[PDB]
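Structural features, examined
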Amino acid sequence: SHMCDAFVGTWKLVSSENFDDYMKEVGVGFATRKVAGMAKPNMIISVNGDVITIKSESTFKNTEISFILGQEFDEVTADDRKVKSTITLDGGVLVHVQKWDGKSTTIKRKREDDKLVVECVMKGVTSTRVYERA
Ligand SMILES: CC(C)c1cc(C(C)C)c(S(=O)(=O)O)c(C(C)C)c1
Ligand SMILES: [Cl-]
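Residues numbered from 1 in each chain as written, not as in the entry; some residues may be left out. Chains lettered and ligands numbered in written order. Heavy atoms only, no water.

Per the PDB record, the structure was determined using X-ray crystallography to 1.1200 Å resolution.

Here it is, written out as structure tokens:
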């Protein structure tokens, strides 16, 4: 209990850096990269018992994942990859690993001051996305 209290709430994207390059490395095609890169999502995080729910809502897509820390799940990503995901808490950081087709990407979510900072890594390429409370 209270594991993720500082994450819970509704968060609005305020900045993004290198997301197009991250998406290229993941294999996202041109048209999806353009439309997804233009998205300004709200991220809605909630907790009920051991179950964490993360929603991303934008003009591009509305996604929702629910999961228990450490317990793998199947996820269809906004770009329509079918991935195996596992999310854990590591020293206060939510660490989300997605595996598909022999590839892997890791998305980290952390609280820093009044922001929620999301770092998306695929091999050598990192994208940083900053959110503030809505
Ligand atoms: C196109 C794929 C790679 C993608 C899309 C999005 C939105 C623009 C729908 C997101 S996120 O939902 O902003 O975190 C993310 C995060 C989870 C890395 C990834
Ligand atoms: Cl960007």
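From this point, the discussion proceeds with the structure in view.
Thoughts on the environment of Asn 18
Which entries qualify depends on this criterion: Labels follow the DSSP assignment, with helices taken as runs of H or I lasting at least four residues and strands as runs of E lasting at least two, numbered in each case from the N terminus. The buried label goes to any residue with under 20% of its type's maximum accessible area, the exposed label to any with over 50%, and the partly exposed label to all in between, with areas taken from a 1.4 Å probe on protein chains only. Any two residues whose heavy atoms approach within 4.5 Å at even a single point are treated as in contact.
By the secondary structure assignment, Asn 18 is in the loop between β1 (9–17) and α1 (19–26). Residue classification places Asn 18 among the partly exposed positions, given a relative accessible area of 36%. Excluding its chain neighbours within four sequence positions, the residues that come into contact with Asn 18 are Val 125, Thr 126 and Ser 127.

Points about the packing of aromatic side chains
Rule in force here: Two rings from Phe, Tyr or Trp (for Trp, the six-membered ring) form a pair when their centres are within 6.5 Å of each other. A pair whose planes differ by under 30 degrees is stacked, one over 60 is edge-to-face, and the rest are tilted. Here, a charge over a ring means that NZ of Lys or CZ of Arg falls within 6 Å of the ring centre while also lying within 35 degrees of the ring normal.
Scanning all chains against the criterion turns up two aromatic pairs. On the basis of an interplanar angle of 10° and a centroid distance of 6.0 Å, the ring pair of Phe 19 and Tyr 22 is categorised as stacked. Here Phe 19 and its partner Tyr 22 are both found in helix α1, three residues apart, which amounts to about one turn of the helix. By the burial criterion, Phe 19 is buried, and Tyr 22 matches it. Taking 5.6 Å as the distance between ring centres and 15° as the angle between the ring planes, the aromatic pair formed by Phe 67 and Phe 73 counts as stacked. Across the pair, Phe 73 and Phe 67 agree in class, each one buried. Taking NZ or CZ as reference, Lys 61 lies 5.7 Å from the ring centre of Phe 60, over its face. Over the ring of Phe 19 we find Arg 129, and its NZ or CZ is 3.9 Å from the ring centre.

Points about the packing of α1 against helix α2 (residues 30–38)
Spelled out, the test is: Only the contacting stretch of a helix is used when fitting its axis, a line to C-alpha atoms as for every element, and angles between N-to-C directions run 0 to 180 degrees. Put simply, a crossing is left-handed when the front helix is turned counterclockwise from the back one by less than a right angle, and right-handed when it is turned clockwise. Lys, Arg, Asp and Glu make up the charged group, whereas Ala, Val, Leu, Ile, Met, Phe, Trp, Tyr, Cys and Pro make up the nonpolar group; the residues left over, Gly among them, are polar.
Relative to each other, α1 and α2 sit at 145°, their axes nearing to 10 Å. Pair α1 / α2 crosses with right-handed handedness. Packed against α1, whose contacting residues are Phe 19, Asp 20, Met 23 and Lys 24, the element α2 presents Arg 33, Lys 34, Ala 36 and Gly 37 at the interface. For the contact of α1 with α2, the residue count by class is three nonpolar, one polar and four charged.

Some points on the site of ligand 1
What counts is decided by this rule: Note on definitions. A residue lies near a molecule or strand when any single heavy atom of the residue is within 4 Å of it. Pairs of N or O atoms are called polar contacts if they sit within 3.5 Å, as long as, within protein, a hydrogen donor faces a hydrogen acceptor (for residues adjacent in sequence, only side-chain-to-side-chain pairs). Using a 1.4 Å probe, accessible areas were evaluated by the Shrake-Rupley method; residue-level cover was limited to the displayed protein chains.
Taken together, the residues surrounding ligand 1 are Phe 19, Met 23, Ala 36, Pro 41, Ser 56, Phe 60, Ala 78, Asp 79, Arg 81, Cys 120, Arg 129 and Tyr 131. Contact distances for ligand 1 include 2.7 Å between an oxygen atom and a side-chain N or O atom of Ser 56. Burial of ligand 1 by the protein chains amounts to 91% of its free accessible area of 460 Å². Listing elements by their share of the shell around ligand 1, those giving two or more residues are α1 and β10 (125–133). Each residue belonging to the shell around ligand 1 can be placed in one class, and the counts come to eight nonpolar, one polar and three charged.

Comments concerning the environment of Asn 42
Within the secondary structure layout, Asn 42 lies in strand β2 (residues 42–48). Excluding its chain neighbours within four sequence positions, the residues that come into contact with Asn 42 are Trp 11, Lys 12, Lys 55, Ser 56 and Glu 57.

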